[PDB]
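For reference, the structure discussed in these notes is given below.
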Ligand SMILES: [Zn+2]
Ligand SMILES: [Zn+2]
Ligand SMILES: [Zn+2]
Ligand SMILES: [Zn+2]
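Chains as they are written, first to last, in the deposited numbering: chain A, 1 to 208; chain B, 1 to 208; chain C, 1 to 208; chain D, 1 to 208.
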């Protein structure tokens, strides 16, 4: 767990994210918990020119390394880390289906049993606030109190997990759920959902 | 027909399934009939780290090999094998269009002549029951009595055939039919279908 | 213009067709005009196991080479060649958007100026008839009298041109037009179209 | 900044455009500002057979190099350059979502904060006029007066920027916004938007 290994995974996460179709051109930022703060992708530099030494260290006070410009969205990555002590990785993208659901300002309800991967019977949608602001950061910290993923109204998605592998995986799963919801919603509104008792069985089963 | 050749095809089936866009992140399990039970993919291990010796043998009594954890959905693979003696391979995924049709709880009717590939004038949708349960297993065995593919409400798809090649192929065909149905359904409901006499000509023709 | 060069292009056309997303699993057949009949893809054999010597020669009387089984849809390829003397290549697939428009039994009207690539102000839809029958063949020959592409109700698409390159290209263009029509149709019906005078200017311009 | 380096990027831009799914078969043309006119892709030649010496130089008077046929849509590339002095690269495609929005003849409103990348609170739609005409050229020059991207009714998209990298990037971003708008529009009309004050904060923030 040296710095450069963590920077290679961050870069590999951006690459896989783009290959999975979740990341569409210069949007998206990834981070990992490290020392007293985090390592995050830089602003500006396109994913394919990224090299290990581009990765930026931001400490717990919010100070970033000299000569590097962290992602313009770094503050809600730090919000995530202080609101969810168990989170070690944070993935953010503007994936098209998640973002369309966030434009309608709706939570994703329990239309599939995999909704439980993010911790409960829904994928919440946090209210709009300008990117990079303290106000956005507060909404995200409140939405992640009992969920590992949230939509951001008029914006995109955030997912957090114990490592980058699982955070990408979750991010991906919520984009599938989002696409499932939009496709069925164009046909029938509201969309049929599983009951809370049924999601409670599935959560228990996922613990086992 | 040694064990390792069957395990390479299983792994190759997961890979092709993901490349075809039918398998979206850690969902999906494949099996083949073998000896008195079956070889199935393990739970946990991501498709790309899979190696031949990861494949799990489950006998006819439901006992799995020592030190391996079979897919969490193995029971409906075994249900398939006892309900359809002619089936030698079973493919299961959560492909997005099939699953959206299963959220609406509808069968796919005869909107295209290829519906006959699964044996009749429809692609049925079996009722929801918690993954991995005996109750799910019974619904699947009843849906496969006269069809080689079925949707699973709020969940996904199962397809069975004489070998893995044909099972993947069928799985793929039902995802196309699913997408055809959802796209036309957003425009007109109900969707125009071919009559039963016409599907009966096509079945005879497919036998020849 | 020896046989094997024509068979490599046919095979290359199947490959490109699959890579472009127009051909989804074992559907689709391609042919070229040759001598007194045509070279067509065989039935059964999956596109990726195809080799030059798999290609089947069918003469002008409809007799096929010994030991080879031509595509199950060969008769409407021969219909195309006798109905359009200028056609030297024929491409058929079940591409998802074209086929969805053919399930609604509608022609594609002039929603984009590229509709003129197939010769007029529309992409017609020929009535359903069982695959491989004389009756299907007659509908296709009548739809291609003044168009180079047609939809086949409840089935798919046929496109013909002076060579395989242009036939694939046209096929592709009609799948785009199909997707344009379905996406706008879910929002507004009817969809705005360009007038016949405007398509007449574009045709003249395309001749120049 | 020699000619051949500029021709390699143009060709690389066509390739990336096709790989990103924005360019579907022989549509699309790219240009860069050069000397007193521009370098543009030729008409006819498919993107994959393009070589550096295929690139056509058109001077400020509209005269093209000897023995080369410039794109059939070159005139609105020249319109762009005279209407926006800061533009050094121009990308045009018929990307499916942008074009579907242009068939409905609607501007893309502020459904996402990234709408500000093209300079304001919208992505305008310029009125139809036959491809390659002076009349089309005038509409494009008026739509680009205060925007870096515009839709073309019944046709496609144009994007301009300081270099090819940024022009492709913008083009891509507008196709995402287009897809966001069509997907939400099928569910609710009108689609929720951010207010002008909010886009004004985002523009200021994007300047910083
Ligand atoms: Zn963002
Ligand atoms: Zn499952
Ligand atoms: Zn067919
Ligand atoms: Zn154009």
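Think of the CB as a built atom: it goes at the ideal place given N, C-alpha and C, for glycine as much as any other residue.
>> Under 8 Å, CB to CB, which of the residues in the segment 7–24 of chain D have a partner in chain C?
In response: 24
> Rounded to a whole number of angstroms, what is the C-alpha to C-alpha distance between residue 144 of chain C and residue 84 of chain C?
Replying inline: 7 Å
> Run through DSSP, which three-state label would residue 6 of chain C get?
Replying inline: helix
> Does any residue of chain C bring its CB to less than 8 Å from the CB of residue 158 of chain D?
Replying inline: no
> Do we get a CB-CB distance below 8 Å when we pair residue 155 of chain B with the residues of chain A?
Replying inline: Closer than 8 Å to some Cβ of chain A, the Cβ of residue 155 of chain B qualifies, so yes.
> Regarding residue 204 of chain B and ligand 3, is the C-beta to nearest heavy atom distance less than 7 Å?
Replying inline: It does not: the Cβ of residue 204 of chain B is nowhere closer than 7 Å to a heavy atom of ligand 3.
> If you measure from the CB of residue 131 of chain D, is any heavy atom of ligand 4 nearer than 7 Å?
Replying inline: With a cut-off of 7 Å, the C-beta of residue 131 of chain D is classified as near ligand 4, since at least one heavy atom of the ligand falls inside that distance.
> Would you call the CB atoms of residue 44 of chain D and residue 93 of chain D closer than 8 Å?
Replying inline: no
> Any chance the CB of residue 27 of chain A is under 7 Å from a heavy atom of ligand 1?
Replying inline: yes
>> Check whether the segment 177–195 of chain D and the segment 100–111 of chain D are in contact - that is, three or more C-beta pairs closer than 8 Å.
In response: yes
>> In the DSSP assignment, the beta strand (DSSP E) including residue 39 of chain A goes from what residue to what residue?
In response: 37–40
> Going straight from the alpha carbon of residue 81 of chain B to that of residue 34 of chain B, what length do you get?
Replying inline: 10 Å
> Using a Cβ-Cβ distance under 8 Å, would residue 186 of chain A count as near chain B?
Replying inline: yes
> Using a C-beta cutoff of 8 Å, does residue 103 of chain A count as contacting chain D?
Replying inline: yes
>> Is the beta carbon of residue 91 of chain A closer than 8 Å to that of residue 30 of chain A?
In response: yes
>> Helix, strand or coil for residue 73 of chain B? Go by DSSP, reduced to three states.
In response: coil
> Where does residue 161 of chain A land, buried or exposed, given buried means 16+ other C-beta within 10 angstroms?
Replying inline: By the 16-neighbour rule on beta-carbons within 10 angstroms, residue 161 of chain A is buried.
> Out of C/3, C/148 and C/206, which has the shortest C-alpha to C-alpha gap to residue 38 of chain C?
Replying inline: Taking residue 38 of chain C as reference, the option from C/3, C/148 and C/206 with the minimal CA-CA separation is C/3.
>> Less than 7 Å between C-beta atoms, sequence neighbours within five positions excluded: which residues of the same chain meet that for residue 196 of chain D?
In response: 121
> In three-state DSSP terms, what is residue 154 of chain A?
Replying inline: coil
>> Give me the residue from D/146, D/200, D/131 and D/87 with the minimum Cα distance to residue 208 of chain C.
In response: D/131
> Can you tell me the Cα-Cα spacing of residue 56 of chain C and residue 159 of chain B, whole angstroms?
Replying inline: 32 Å
> Under 7 Å from any heavy atom of ligand 3, does the C-beta of residue 44 of chain C make it?
Replying inline: no
>> Check whether chain C comes within 8 Å of residue 109 of chain B, counting only Cβ atoms and requiring the distance to be less than that.
In response: So, not an interface residue.
> Where does the unbroken beta strand (DSSP E) through residue 92 of chain B begin, and where does it stop?
Replying inline: 89–93
> Applying a beta-carbon distance threshold of less than 9 Å, which residues of chain A neighbour residue 182 of chain B?
Replying inline: The contacting residues are 183, 184, 186 and 187.
> If you draw a straight line from the C-alpha of residue 68 of chain B to the C-alpha of residue 26 of chain B, how long is it?
Replying inline: 17 Å
> Interface residues of chain C around residue 192 of chain B at Cβ under 9 Å?
Replying inline: 103, 104, 105, 153 and 154
>> Using a Cβ-Cβ distance cut-off of 8 Å, determine whether residue 204 of chain A contacts chain B.
In response: No, its Cβ sits nowhere closer than 8 Å to a Cβ of chain B.
> chain B beta carbons: is any one of them nearer than 8 Å to that of residue 210 of chain A?
Replying inline: Because chain A here runs from 1 to 208, residue 210 of chain A falls outside it and cannot be looked at.
>> Classify residue 8 of chain A: buried if its beta carbon has 16 or more other beta carbons within 10 angstroms, exposed otherwise.
In response: Under a 10 Å Cβ-count criterion, residue 8 of chain A is classified as exposed, with fewer than 16 other Cβ atoms of the shown protein chains found around its own Cβ.
> Are the C-beta of residue 112 of chain C and some C-beta of chain D separated by less than 8 Å?
Replying inline: yes
> DSSP beta-bridge partners for residue 34 of chain C?
Replying inline: BP columns for residue 34 of chain C point to C/37.
> What residue does the beta strand (DSSP E) around residue 56 of chain A start on, and which one ends it?
Replying inline: 56–58
> Who are the near neighbours of residue 17 of chain D in its chain, counting only those whose CB is closer than 8 Å to its CB and skipping five residues on each side?
Replying inline: 23, 28, 30, 91, 93, 168 and 171
>> Cβ closer than 9 Å: which chain B residues qualify as neighbours of residue 173 of chain A?
In response: Those within 9 Å of residue 173 of chain A in chain B are 24, 25, 26 and 27.
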